[PDB]
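Right, one structure below, let's go through it.
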Amino acid sequence: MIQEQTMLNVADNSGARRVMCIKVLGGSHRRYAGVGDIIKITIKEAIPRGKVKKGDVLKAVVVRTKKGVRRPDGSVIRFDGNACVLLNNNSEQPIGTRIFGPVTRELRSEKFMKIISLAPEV
Amino acid sequence: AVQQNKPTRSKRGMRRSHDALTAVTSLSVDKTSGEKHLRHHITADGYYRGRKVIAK
Amino acid sequence: XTXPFXX
Amino acid sequence: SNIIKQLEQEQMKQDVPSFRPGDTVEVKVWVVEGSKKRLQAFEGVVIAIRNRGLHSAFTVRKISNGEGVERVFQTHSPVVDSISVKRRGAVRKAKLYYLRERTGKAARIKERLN
Amino acid sequence: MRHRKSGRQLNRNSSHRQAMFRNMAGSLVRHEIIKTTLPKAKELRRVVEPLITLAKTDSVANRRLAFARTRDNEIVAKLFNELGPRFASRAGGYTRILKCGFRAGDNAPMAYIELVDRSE
Amino acid sequence: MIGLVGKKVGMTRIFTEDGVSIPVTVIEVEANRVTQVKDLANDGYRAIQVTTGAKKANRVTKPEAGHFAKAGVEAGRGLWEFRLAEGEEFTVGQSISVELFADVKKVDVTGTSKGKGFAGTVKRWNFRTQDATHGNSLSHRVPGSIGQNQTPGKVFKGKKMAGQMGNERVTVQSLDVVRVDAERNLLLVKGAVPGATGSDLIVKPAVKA
RNA sequence: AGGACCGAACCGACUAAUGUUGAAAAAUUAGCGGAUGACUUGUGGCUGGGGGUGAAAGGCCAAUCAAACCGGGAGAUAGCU
RNA sequence: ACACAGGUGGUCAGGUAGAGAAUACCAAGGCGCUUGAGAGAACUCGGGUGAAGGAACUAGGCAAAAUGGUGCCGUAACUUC
RNA sequence: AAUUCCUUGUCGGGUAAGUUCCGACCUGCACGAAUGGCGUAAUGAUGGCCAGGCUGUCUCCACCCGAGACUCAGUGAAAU
RNA sequence: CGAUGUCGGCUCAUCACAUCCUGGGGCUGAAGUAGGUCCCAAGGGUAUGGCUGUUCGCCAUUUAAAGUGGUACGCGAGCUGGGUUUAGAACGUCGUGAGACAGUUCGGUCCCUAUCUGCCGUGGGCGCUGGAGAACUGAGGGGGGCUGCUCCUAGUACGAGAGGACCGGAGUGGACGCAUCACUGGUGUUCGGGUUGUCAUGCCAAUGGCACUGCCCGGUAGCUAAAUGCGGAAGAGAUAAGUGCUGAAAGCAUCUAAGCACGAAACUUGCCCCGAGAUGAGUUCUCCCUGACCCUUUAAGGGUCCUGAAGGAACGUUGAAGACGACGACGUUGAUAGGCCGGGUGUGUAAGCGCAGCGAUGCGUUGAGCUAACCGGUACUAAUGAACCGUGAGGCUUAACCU
Ligand SMILES: [Mg+2]
Ligand SMILES: [Mg+2]
Ligand SMILES: [Mg+2]
Ligand SMILES: [Mg+2]
Ligand SMILES: [Mg+2]
Ligand SMILES: [Mg+2]
Ligand SMILES: [Mg+2]
Ligand SMILES: [Mg+2]
Ligand SMILES: [Mg+2]
Ligand SMILES: [Mg+2]
Ligand SMILES: [Mg+2]
Ligand SMILES: [Mg+2]
Ligand SMILES: [Mg+2]
Ligand SMILES: [Mg+2]
Ligand SMILES: [Mg+2]
Ligand SMILES: [Mg+2]
Ligand SMILES: [Mg+2]
Ligand SMILES: [Mg+2]
Ligand SMILES: [Mg+2]
Ligand SMILES: [Mg+2]
Ligand SMILES: [Mg+2]
Ligand SMILES: [Mg+2]
Ligand SMILES: [Mg+2]
Ligand SMILES: [Mg+2]
Ligand SMILES: [Mg+2]
Ligand SMILES: [Mg+2]
Ligand SMILES: [Mg+2]
Ligand SMILES: [Mg+2]
Ligand SMILES: [Mg+2]
Ligand SMILES: [Mg+2]
Ligand SMILES: [Mg+2]
Ligand SMILES: [Mg+2]
Ligand SMILES: [Mg+2]
Ligand SMILES: [Mg+2]
Ligand SMILES: [Mg+2]
Ligand SMILES: [Mg+2]
Ligand SMILES: [Mg+2]
Ligand SMILES: [Mg+2]
Ligand SMILES: [Mg+2]
Ligand SMILES: [Mg+2]
Ligand SMILES: [Mg+2]
Ligand SMILES: [Mg+2]
Ligand SMILES: [Mg+2]
Ligand SMILES: [Mg+2]
Ligand SMILES: [Mg+2]
Ligand SMILES: [Mg+2]
Ligand SMILES: [Mg+2]
Ligand SMILES: [Mg+2]
Ligand SMILES: [Mg+2]
Ligand SMILES: [Mg+2]
Ligand SMILES: [Mg+2]
Ligand SMILES: [Mg+2]
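Protein chains in written order, with this note's numbering: chain A, 1 to 122; chain B, 1 to 56; chain C, 1 to 7; chain D, 1 to 114; chain E, 1 to 120; chain F, 1 to 209.
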């Protein structure tokens, strides 16, 4: 349940630390990104010699949220914070090379298979 | 907001087309004391359906 | 006298 | 409602082991890993139990790689293969929502032992 | 918007209601019959009967509880000593309402509510 | 084909072998009993009229009782018609069980939606609310403006205004039939249907593909 | 020690909502400034209308003030309605 | 103008908690405010709580929410010290 | 610039994006020395701008407790 | 000019079409993809932000698209009041000055209880020709009508290659709408618990009042969205621009003059809601009523006596129905409400007693005690026969049957 102004943590060695969502892509007037949706972020904080610098504007798939994800049986997977994985604009696809923290199977998404193949859990 | 013209006496009449009261038609008489009383209510001398309930 | 009615 | 009970309980599990909030359970859950169905383990502290017949459920909180992961199981879904009590917890409170505001060391709950 | 909700609000706030019915279950119990508006009278049955019920089992717990509700030992004495054993064998309906017309000064629907045996 | 009249029992769920929870509405469908057939010759259209359930005899009226008596079925809580369809054919007194649906696959389900009473514009029409703050005076939930100026100089018919919402006829289309069990008078359809538990439902095989 | 600090009384009157045929011809509620000083208050006194008084706004001078109120000149005059 | 939520100087200062004449609860004393009875729609007023988000509101963070004590530790630029 | 018409001047900073803000330039339409010029610690219910927290301000509204609104009785207005 | 308040915002919209997107089509300096231009088309759809009062504009980032206009430059007895905005003040500029600016700047009162029209809802009345209870037919009315992406066809047609389709099919989304409470959650001042200050019930223990529900932690029923189900359609008819067949007038040609085939989100249908006050008051099924008398200007006349059905309504108990009316359930041959029993649920191990400890407190009895609107039961309490309203066989004419 991410939206404009929402701050998110980064879940990779992209160098970004705190990104803010400035757009929920995928539909006119569309108000939330979640589950494993693709938002557009600016960068509010990055480490000193990362692959992205602060102020940079690119995209990112959301991979962990407080609102979480339901399953065909009714149950819910919740997360303590909101996390995304930076992708680059004219390619989606992840800038980083490692992934941190758990991710959910919803990412099965062909193009995000990399993200699952890395990444510790679920 | 107030009226632009004085309403007519006729109109007053029509507006009150519905405030007639309805008399009751529902009194009954206690079989054991013969005082009138509304249905499902007790009587003045405290009778209800024949037995003397209450007692004040 | 003070703009809008009646400020 | 008498019909609905008929429908519901003929769908209920008759072996849900006992556990209470505080207990540490390991839930074994069926999942399709790529091309494989396979049991998978989720273990953590029971912070809440929703007691309602077929709809009964429980929230199990676990700290995965740095932060919390709560997941609410639906006790009677086929997805839930088995439930297990790794450690009986001692708390007094039905809903343990306060553990969220606690990290690592504060998070610990006394063992019930008895 | 009320769907399936119980409980009359009697144009009062929560505490006040509770106060009043405490003050009124005691009345009914003491006098075994009182006169009140029909609405209150009907609510009263919800407060007063379960006291009676409670009283059908004399213990310390139960008296203390009947003191928690009511907060008057004369009354918690009567339940238990008289009333509980009176209604020992009757499954509820300890109380009964008799509609009795209309209040002069405001036209409120009145009723009597009484213990089912009085004699007093 | 025709449809039956039932009762809304409540909702629950059917867990499926492969770990899906299907949300279902539990609809009672006691045998419907045909109280009248109608045809061209006699009515100018073909249809069955049916009853179901039962009615306290005291609360059955002389007229009602007459009409029932004729068809030789016992009273039921009401009457409902179903348009016959060139082919369909029934006879007075015939009994129709929920198994009418032992396939169909999807059904349309009509009921009387729960009653919200006098709804305002926000709830009734999703009218978006004015400022809570920033100067607004007594005008948060109120409906805004309701017209232009001299031109119309009136308000247009069908204007979204506040009023009764709920408690009206609503159909919900193409719900998957989940189960049909006549021995138990059960129809399980997937999804919520109109009306509070207890009230009447009309299940017709879904009209849309 | 201090036209010192925080804060009740007391003096004030920055924001908002309410009220706007008000509970009130200026207030109520929640917040707000001063609060040993150029502080604040009771009683009585003095200044009078082209006059007073004014840490000055044309402020205040009995619900008012770019000239108070009352009575008079007086039926001012009104090429206007 | 009212049996008016306004205005009006001085005197008295109990118990527990508290720095206190603040505040909460009490004592003495005084009161429930001169239409009530029911309903538990919209909308208004006055409050409580709120998933995820967190100023994206708006002229403006207006309004809310937040902060809030005591004692220790410890506090930058700048400075008329 | 409480002063600049042209004007959102230009450049730099901050922002994903800044007609405002800040630092700069000088082409001051139309600054300037007790009609005081320029600075200035502290003070300010003073104007503009940023940020942390905070939040129903907002996405987008839900529920709830109360006073009206609604119903019965008594009294009983108003502007026009 | 004895008062027609205003820029922008908010809210709510409603039309036009010179159409922004989506649909159809002609030409193209149209290979494909993608464009250009024009014709047809108004069904639906048609962005959030940074700055500024702005509208606009620029900029950032979306989108299929971010249409242009009318509506007192729509919308202040609907809100706002930043712009405009009297009185205070200041700068610059003008003026000897009072002052002034169509320059700038800081501050700065937005009243109105709705009679009528209109609109949204909801009742009362009468009518529909004896009265009544139902189920209908369906004239008319309203709603709805959006669209991304991916996959197949197909890496095919096309193309030197890059790239890359038409036609058709399949999925899954965005925004919107409706329903619902099963799930996930919110709330839950009527449930349970912890806790501060103080007062009380003599004291202890145990409780209760007040302090925002004192402050909090949870939470039932209900309500509810963020929650989960469903929708937009397909199909059909007649068309728009347009493409044509046959074909003369005009030996040829010609979509047209006669005749014939096609052709779009527009239209009529198909879908959903209302709907016989459709006074053109319709249809079908059922139910109930089978006394006489007087008078007058003697007629669809007026009255009286007796009668009083079907049904309605009343009263009571009530409801996921509700402002009030209304609608639904039930009234003893009874589960309608309250209570009561059992269960559930929530809270989370009461009181009391015992043991341990100097004590705070712990442990045992104990998953205890308590537990709302919930489920399953139960006549204990309350739902008294009655009253009222509604009548007593139902006009004339013609026709068709009928004696
Ligand atoms: Mg109920
Ligand atoms: Mg009242
Ligand atoms: Mg309702
Ligand atoms: Mg809004
Ligand atoms: Mg106001
Ligand atoms: Mg307000
Ligand atoms: Mg001082
Ligand atoms: Mg104040
Ligand atoms: Mg001070
Ligand atoms: Mg004096
Ligand atoms: Mg004065
Ligand atoms: Mg003069
Ligand atoms: Mg004079
Ligand atoms: Mg003279
Ligand atoms: Mg004169
Ligand atoms: Mg008084
Ligand atoms: Mg007074
Ligand atoms: Mg005090
Ligand atoms: Mg009183
Ligand atoms: Mg709050
Ligand atoms: Mg929130
Ligand atoms: Mg939160
Ligand atoms: Mg934050
Ligand atoms: Mg904005
Ligand atoms: Mg903004
Ligand atoms: Mg503020
Ligand atoms: Mg606050
Ligand atoms: Mg500067
Ligand atoms: Mg900003
Ligand atoms: Mg100067
Ligand atoms: Mg000089
Ligand atoms: Mg100076
Ligand atoms: Mg000062
Ligand atoms: Mg309320
Ligand atoms: Mg009245
Ligand atoms: Mg006029
Ligand atoms: Mg006027
Ligand atoms: Mg056109
Ligand atoms: Mg051209
Ligand atoms: Mg205009
Ligand atoms: Mg106004
Ligand atoms: Mg201005
Ligand atoms: Mg109004
Ligand atoms: Mg709930
Ligand atoms: Mg004690
Ligand atoms: Mg008290
Ligand atoms: Mg209280
Ligand atoms: Mg030819
Ligand atoms: Mg219909
Ligand atoms: Mg129980
Ligand atoms: Mg029950
Ligand atoms: Mg007769």
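Ideal Cβ positions, reconstructed from N, Cα and C, are used throughout, including at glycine.
- Taking the beta carbon of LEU98(E) as reference, the chain B residues within 9 Å of it are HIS41, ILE42, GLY46, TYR48, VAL53, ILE54, listed in sequence order.
- In chain order, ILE48, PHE90, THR91, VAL92 place their CB closer than 7 Å to the CB of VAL37(F), counting only its own chain and leaving out the 5 sequence neighbours on each side.
- Under the DSSP assignment, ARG87(D) falls in the beta strand (DSSP E) whose first and last residues are 80-87.
- Within the region 32-103 of chain A, complete beta strand (DSSP E) segments of at least 3 residues are found at 38-46, 57-64, 76-79, 83-88, 92-94, given in chain order.
- Shortest gap from the CB of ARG128(F) to any heavy atom of ligand 4: under 6 Å.
- Ranked by Cα distance from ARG88(D), the first of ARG50(D), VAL80(D), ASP23(D), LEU54(D) is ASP23(D).
- Inside the region 70-135 of chain F, DSSP marks whole beta strand (DSSP E) runs of 3 or more residues at positions 78-83, 106-112, 115-119, from first to last along the chain.
- Residues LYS7, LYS8 of the same chain have their beta carbon placed closer than 8 Å to that of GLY198(F), with the five preceding and five following residues left out of the count.
- About 22 Å separates the CB atoms of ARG83(F) and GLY53(F); that is not less than 8 Å, and the two are not in contact.
- Chain-order list of chain A residues neighbouring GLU70(D): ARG78, by C-beta distance under 7 Å.
- Excluding residues up to 5 positions away in sequence, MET1, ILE2, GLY34, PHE79, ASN82 lie with their Cβ nearer than 7 Å to the Cβ of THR65(A) in the same chain.
- When DSSP states are grouped into helix, strand and coil, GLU30(F) belongs to the coil group.
- Taking C-beta separations shorter than 7 Å and ignoring five residues to either side along the sequence, the partners of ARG169(F) in its chain run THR110, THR112, following chain order.
- With respect to the 7 Å criterion, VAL72(D) and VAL76(A) are classified as neighbours on the basis of their beta carbons.
- Listed along chain F are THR12, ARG13, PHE15, each with a C-beta nearer than 9 Å to that of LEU54(D).
- Look at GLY15(A): its C-beta is not under 7 Å from any C-beta on chain F.
- When only Cα atoms are considered, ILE2(F) and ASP43(F) end up about 18 Å apart.
- Here the alpha carbon of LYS157(F) sits roughly 11 Å from the alpha carbon of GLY147(F).
- Under a criterion of Cβ atoms nearer than 7 Å, the residues of chain A adjacent to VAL20(F) are, in order, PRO72, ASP73.
- Not flagged as an interface residue toward chain D: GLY34(A), since no C-beta distance is shorter than 7 Å.
- Those residues that bring their Cβ nearer than 6 Å to a heavy atom of ligand 1 are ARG4(E), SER6(E).
- The Cβ atoms of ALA57(D) and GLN40(D) lie no closer than 7 Å to each other.
- The beta carbons of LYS114(F) and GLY166(F) sit closer together than 7 Å.
- Taking the CA atoms as reference points, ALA48(D) sits about 11 Å from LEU99(D).
- Each residue's CA atom was taken as its position, placing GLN4(B) and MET161(F) some 26 Å apart.
- Apart from the 5 residues on each side of it in sequence, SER82(D) sits with its Cβ closer than 6 Å to the Cβ of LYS28 in its chain, given in chain order.
- With contacts defined as CB atoms closer than 7 Å, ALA209(F) and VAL98(F) fail to qualify as a contacting pair.
- In this structure, the beta-carbon distance from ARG103(E) to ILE33(E) does not fall below 7 Å.
- As a beta-bridge residue in DSSP terms, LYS35(E) pairs with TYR112(E).
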